[PDB]
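A.B. asks: need coordinates for the following:
(chains A, B, C, D, E, F, G, H, I, J, K, L, M, N, O and P)
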Amino acid sequence: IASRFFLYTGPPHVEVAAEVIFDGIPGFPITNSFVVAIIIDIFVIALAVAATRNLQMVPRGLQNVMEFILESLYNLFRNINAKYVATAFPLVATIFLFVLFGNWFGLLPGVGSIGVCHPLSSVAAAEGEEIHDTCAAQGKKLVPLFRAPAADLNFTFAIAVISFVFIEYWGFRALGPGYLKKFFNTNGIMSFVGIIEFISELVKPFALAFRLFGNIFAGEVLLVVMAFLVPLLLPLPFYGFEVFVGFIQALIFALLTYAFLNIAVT
Amino acid sequence: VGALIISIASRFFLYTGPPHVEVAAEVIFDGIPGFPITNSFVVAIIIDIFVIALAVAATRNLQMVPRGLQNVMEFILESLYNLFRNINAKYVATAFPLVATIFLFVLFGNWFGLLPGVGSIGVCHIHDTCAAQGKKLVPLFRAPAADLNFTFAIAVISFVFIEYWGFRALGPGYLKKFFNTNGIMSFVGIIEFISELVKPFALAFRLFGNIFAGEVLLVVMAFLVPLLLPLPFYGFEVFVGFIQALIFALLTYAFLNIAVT
Amino acid sequence: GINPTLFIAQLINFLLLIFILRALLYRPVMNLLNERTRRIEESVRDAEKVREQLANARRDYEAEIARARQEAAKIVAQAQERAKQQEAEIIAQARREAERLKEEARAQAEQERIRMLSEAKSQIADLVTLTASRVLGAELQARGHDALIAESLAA
Amino acid sequence: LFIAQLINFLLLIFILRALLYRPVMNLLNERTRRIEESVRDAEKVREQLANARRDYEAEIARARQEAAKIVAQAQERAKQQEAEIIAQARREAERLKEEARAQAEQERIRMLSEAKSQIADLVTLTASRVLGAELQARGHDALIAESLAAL
Amino acid sequence: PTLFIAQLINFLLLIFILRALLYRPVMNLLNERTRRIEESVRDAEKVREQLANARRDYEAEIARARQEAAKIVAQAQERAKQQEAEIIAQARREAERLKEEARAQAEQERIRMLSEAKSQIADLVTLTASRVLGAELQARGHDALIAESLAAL
Amino acid sequence: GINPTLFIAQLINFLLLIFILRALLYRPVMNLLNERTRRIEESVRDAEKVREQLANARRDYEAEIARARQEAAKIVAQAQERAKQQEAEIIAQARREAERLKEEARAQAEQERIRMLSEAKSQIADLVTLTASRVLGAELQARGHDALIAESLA
Amino acid sequence: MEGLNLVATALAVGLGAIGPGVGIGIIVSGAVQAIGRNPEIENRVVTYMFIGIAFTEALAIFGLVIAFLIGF
Amino acid sequence: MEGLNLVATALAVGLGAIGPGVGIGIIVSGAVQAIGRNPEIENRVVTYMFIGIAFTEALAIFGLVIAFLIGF
Amino acid sequence: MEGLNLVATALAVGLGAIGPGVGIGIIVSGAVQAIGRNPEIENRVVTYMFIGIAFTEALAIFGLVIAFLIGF
Amino acid sequence: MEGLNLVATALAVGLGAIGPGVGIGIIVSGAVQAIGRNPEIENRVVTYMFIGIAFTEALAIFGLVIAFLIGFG
Amino acid sequence: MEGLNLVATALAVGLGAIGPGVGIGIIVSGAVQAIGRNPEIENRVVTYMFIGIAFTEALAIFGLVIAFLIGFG
Amino acid sequence: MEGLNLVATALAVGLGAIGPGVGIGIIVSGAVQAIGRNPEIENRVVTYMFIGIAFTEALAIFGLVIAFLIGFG
Amino acid sequence: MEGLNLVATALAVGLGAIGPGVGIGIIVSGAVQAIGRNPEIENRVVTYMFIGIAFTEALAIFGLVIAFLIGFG
Amino acid sequence: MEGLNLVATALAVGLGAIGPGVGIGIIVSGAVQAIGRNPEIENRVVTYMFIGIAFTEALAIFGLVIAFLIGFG
Amino acid sequence: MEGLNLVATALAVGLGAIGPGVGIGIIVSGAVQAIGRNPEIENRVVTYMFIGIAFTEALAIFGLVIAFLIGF
Amino acid sequence: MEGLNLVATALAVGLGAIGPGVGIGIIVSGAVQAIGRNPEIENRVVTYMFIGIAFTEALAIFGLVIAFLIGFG
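C.D. replies: Numbers count the residues shown, from 1 in each chain, chains lettered A, B, ... in the order given. This is the structure:
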């Protein structure tokens, strides 16, 4: 139990870098985050149609758990506000599921070990292994073809801005000219607090995107470093923490979106 | 009195010079071929004589009704006895004399350090008196608790007392504690052991630092304004000397209480 | 990665994914909602039907007593009226027979009265013979009773 | 690198299958049982409603048919007894009427026994009649003398 | 140096301050403690006096108890001789009464026998007279008395 | 201050102080406090004894009086029993002596028989006048009754 | 001397983590206690709680943004 | 040297985040708990809460303005 | 160096935001809780709250004006 | 001087641990106390606690990510 | 290296103000809460509140004046 | 100018002990305070206590990982 | 460096003025809240409050003394 | 630099005393508070308290190990 | 590097003032709170209050003594 | 450069004092509150509070002995 943590086989170092631009032989260049985003979209649609092609009473199997999750989401969003518990449900549900599966993708082996490339070898008396990679030739970096979609600041910014636009539009859907009444109404000190309110409303999507991107990228980096330190039997609790926090942050994003919607409409 | 005190600017006419009193150790006061006499051993002997004199004066008559000095002597002993009875039940008589003596002695030691002439009067070896001559000025009647040796002495005798009365009360159970528990008292026990080991160090350092800080505060307030400025600090110091005495006694008794139990 | 072309493409992809959500999410939402609505409607239906059935069997048992009530009421009326007429006829028959029996008895008495006219002379002869021993010496004619006896018979 | 990720992943699942297996199975089992009692419960709102019509049809048929038959059977038993007991006592009254015929015989006996009752006044009181008619003329002077001698 | 005079004036001011705001509380607390001692002292001597009086009262009360006990008993002995004497004297007076009434009863009984004998001798002389009267009327006929009896009618 | 020799000298000085102080005032002040707390506790103890003495004195005085009257009533009854039994003795002795006085007097009164020896003077002579002088015409000439009268007078 | 910009960015991000982190913690604990005391006011308390979190996160975002400005 | 301005701006923003962040956190927690205790005085306590938050965020904005001035 | 003045004014403003900010937060939280528990003494407790706010803001103004003088 | 980047990385990570750690501790303590006092509203208390943990740990991850950016960029 | 005086003065005022600021905040919060519980003892409450505020302001004033002494000769 | 890596490693370890240590302390204090007044809710509250402890220890692990990385490069 | 003495004196004042300030505030708030209920213990609670205030001012004045010593050698 | 290792060990041990010290303090305060509230849940309280104490002391142990590694090299 | 010992002494005294100062404040506040809630237990409480006061002052005096040793 | 040992010792002592002081303060406050609420559990209260104060003082002693090793050795 306490003698099988050999460091003889492992990565040579720790690789940290934002998603690497893909080869993009044809026009409209893509990234390694875009392809995993599309494949996870495909997986989400496949599970949705699997739960959809067989829709009936007393669900069992995949459909039963899917309906459990969906009704739990209804219960959670209903506790905030039932006025828009269904109108805004598809957006937050889709973003939730996609972020969930993106965070799940980071645990899959080959993320960072597969390189698209556009014991004895390990150093003795050292805590980290020094085995040269497959792509170590040509002075390459072994570009990770597989990566977490939320570990890129393009998707996170995109969902943040679309969520902000959705919230602002649905607040503007039925509020009249009450926005200007909440922002610098020139009524004593109420004008001052509206300015900070306006700035906070502006920075909410940026905060969400940066938070999610940082969470996922930090999880990936810490898992890579824990693998580099000791190969086996060490990073189990941290892998468990990652698989927990991925789902946790996934539900948090949707919950925060609904909460911002409610605080804007009310 | 009016708050418009104008004597606050006496530093111009009365400038005391830099705080030359900075010694963290003793100075020899009585040149003797034998062991040297510290500036604190002399005041230790002085306090011994004073305490003996007050005790014999309060016990020369042994009046049934305590009046005058007898009542004053009896009140503090009554208070200490009641306090230790509140702490522990059957160990009040066993430990009372040592704790009462170590309270009174350091009380009068700290209260002596506020006496005038402690920081000023001294034997020759702005410019004081001796520095006018070629000889340096060393102070006279340095506080006993200011000297580290006396504080270490009372701390180590307190440690000897607590270890003896733990070992005597609990036999070999206190001597090795319960290290063989291996469930809880295998890592808590060593922490308790090192805490006991450093307990005399903390006990001595508390008194030493408190009294040293007190006297250097006295000298500093004299340096800044030697008129009406150090009065609140002196009141604080005569308070905290008694406080530290009672603290040292109370903690040594309570440590014995937690050791025996 | 800070470029306008990538950000616009990501925004367009997000907009398309959000637009695609409208058709798909309506499926499971309807699947959960339609079931609940049908259940509530069927529950109202059950309450109503059960209440109706329960309140009708009790009334049928009440009509069972009511049917028996008419059965008992007809019984007394049929029994009493028939008995009263039968008793009246029997008493009238008794009354008619009482007139008949009494009349026949009176007729027989009247007949016997005249018929016994053969008994006045009979008792005359009885005094002539049986009273003879009651008088002196059982001499039927005595000493003149003979002719006198004839006068008694004539009387 | 790859061996580092592989060994960690399998061992993590092995302890997830030891702790986060029974509660996660039990929650889905409880929900499925609730839907098993609740999908069935929804079929029931209409199932009991359908059974309500069955219950109503059965109860009405069982009660009304039996009620009509039993009450009429009780009525027929009572109606027949109503006429029968009425006629049964009529013959007993006719039996009491036969006592009047017996009373007529007693009346007939009275007149037949009156063949000596009214005759007694004619016969037992015709003794003094002969005393005045037959005895009067009859010369019983000798009998009178004999009676005087007996005196 | 100026250090000594500064220390002296500061210590004098501290002593003045303490005498100003601590002489009264210290002295009144000491006086209260002395009064508490004296009350306990006065309590102890009073209880000792109470015990001595309670002890003294115990023998004093039992002493008069003995005096009253013997006095009551002596009265009982005094009453005993008087009660015994009067019953004897009553009986002695009663006994003499029986002696006197016996003499009167006996003397009366003597008269009763005297009257009884007087009735007896009257009875004998009456009874013997009847016997000899019948003998005397055996010789002389009864007709003389019978004729005399009718003559009185 | 590092020198262990002067350190130990200060230690020994302080130990001498604790011994001389505990021998000089601590034992006197402690045993004075102990005697004081004995005095107050016996004062409560004696206060209870005061109540017991008061209760005992009242009770025992009554008990002494009670045993006095009980003994006094006892000797009174003994004298009463002696008197009644002596009185009944005197009455019975007088009663028996009175009865024997009646008997002797009656025996002394039995002398009517002796006085009945004078029948010749009275019984015979009174009989003669009774027979003759009053119930008859004094004509008792028929003799022979003199035998009858003497025979029946015995 | 190397680039003090790295140390500046680090200090800014770290203190923006220090302050608003404790602010959010206190806000959420108080809101949870108030909800446990009175669930009938949950809408109002969650609204004001999200207002407070918005302000704290606004301060933290100010720190992060000026850190990015220092970095570039 | 060179990055003294950067370090100054970063430190100013960071400290203005650590202080006011905890201040507004305590304000919001206390106000939410008081609202949970008393919904009737909600308007008054919300006005006072916003007054305190305005003062605290004004101090934070003073820090941010000083940082921007130094950066300019 | 030639930028220590910037560091000085930055630190002064930052700590002036640190201390009085937390003081304001605690004052407002306590005052709001006391108002919620008892609205009848609201005027008096608001007066005392604003007195404490004035003292803390005086400390903050002292720090800010020291930074102002240093900046010049 | 020379190794300022490592010092910056360490400082960022350390203060990011300082702040959100206290925030998470306070949030969890409050949530646990409320649940123990009211075991019926935990269905919403747990969610509010977790969304508070989000806002706390976001700043810690901010510091960690900034530290990696400095140490690797 | 001559700017150390300004940095010293700023550090002195800021760090001598942070402590008393929190102290005053806690003092006023406690006093206001206690007055809310009982308004009739408000005189003594206010007296001790100003006592504590005076102590904290004395510490802050000591810091400010020693900053002036550092800032000047 | 040379030993800065050691200073950075020490700072990272120390502050990653500062934050999560107080977080764990507050979490445990709240948990024991809640469990004192409600014994049967232990099954519910121990899970949340372990969740908060795991998050704080994750922050401490972030600090330790950074310190180990900069203690070797 | 030449200017370290001024920064040292300023630090000895400012850092030494943090903990005493918070302690003073906490002591005064606790004493006021304690005297809010049952003010009949005013003398004793004021005695203990002044003991605590003496200890806090002791720490603050140790800081002040150290700063004055550094500022004047 | 000639130093920077003594300073490193000092910082590590000092901050490891900062964090876990306050954590253990709050743990003990809450535990004794609950014990005063609930006497008979003492076994569970002590078990959870010692679990939290060990979790908190883990960081202090990490700091001590880092300091010893720096001191030895 | 002249004057570095001065900064050492300053830092030692400052931190030793920070820690035990807050400790003493908390101890005294808890003690007076318990005395106000129940005056009868004061005789038992004051002993442990002074024990804690001594334990807190131990670290501050440690700091001051080490500062004096460093200075001399 | 040459005085880093003194700064190391001073920082070690100060940072080892800043934390455990607050820890033992909150320990004593909690124990005092528990005693004021429940005197019958005083024995267990005293044992647990002294165990906790021993742990915190052990952390402080770790800091102090590290400072001693830095100053000499």
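
A.B. asks: mind jotting down where the helices sit in chain G?
C.D. replies: For chain G, the helices defined by DSSP state H occupy G:4-37, G:42-71.

A.B. asks: looking at those, spot the one closest to residue C:100.
C.D. replies: helix G:42-71 (110.0 Å; C-beta to C-beta). All C-beta spots, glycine's among them, are computed from the backbone N, C-alpha and C.

A.B. asks: now for that closest one, which elements pack on it?
C.D. replies: Helix G:42-71 is packed against helix A:190-229, helix A:236-265, helix G:4-37, helix H:4-37, helix H:42-71, helix J:42-71, with contacts defined by 3 or more C-beta pairs under 8 Å, 6 or more residues apart in numbering or on different chains; DSSP states H and E.

A.B. asks: can you do 10 Å?
C.D. replies: helix A:62-80, helix A:190-229, helix A:236-265, helix G:4-37, helix H:4-37, helix H:42-71, helix J:4-37, helix J:42-71 (3 or more C-beta pairs under 10 Å, 6 or more residues apart in numbering or on different chains; DSSP states H and E).

A.B. asks: chain center to the shortest one: distance?
C.D. replies: A distance of 20 Å separates the centroid of the chain from that of helix A:62-80, by C-alpha atoms, centre = their mean, to the nearest Å.

A.B. asks: does the very next helix or strand once past it come close to chain J?
C.D. replies: Following helix A:62-80 in sequence order, the next helix or strand is helix A:89-105 (DSSP states H and E). No. Residues of helix A:89-105 contacting chain J under C-beta under 10 Å from any C-beta of the partner chain: none, with a closest distance of 12.8 Å.

A.B. asks: is helix A:89-105 in proximity to chain C?
C.D. replies: Yes. Helix A:89-105 lies within reach of chain C by C-beta under 10 Å from any C-beta, at A:89, A:90, A:91, A:92, A:93, A:94, A:95, A:98.

A.B. asks: would a markdown table of those residues with neighbour count and distance to chain G be doable?
C.D. replies: Converted to a markdown table, the residues of helix A:89-105 next to chain C look like this (neighbours: other C-beta atoms under 10 Å in any protein chain shown; distance: C-beta to the nearest C-beta, whole Å):
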| residue | neighbour count | distance to chain G |
| --- | --- | --- |
| A:89 | 19 | 19 |
| A:90 | 19 | 23 |
| A:91 | 25 | 19 |
| A:92 | 22 | 16 |
| A:93 | 21 | 21 |
| A:94 | 22 | 23 |
| A:95 | 23 | 19 |
| A:98 | 22 | 24 |
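
A.B. asks: for residue N:36, state which of those residues is nearest.
C.D. replies: Distance to residue N:36 across those (C-beta to C-beta) is lowest for residue A:92, with 46.5 Å.

A.B. asks: hmm, residue A:74 and the closest one touching each other?
C.D. replies: No. Contact criterion C-beta atoms under 10 Å: residue A:92 and residue A:74 do not qualify, at 11.2 Å.

A.B. asks: and residue A:221, what is it in contact with?
C.D. replies: A:14, A:15, A:16, A:112, A:151, J:64, J:65, J:68, J:72, L:65 (C-beta atoms under 10 Å, 6 or more residues apart in numbering or on different chains).
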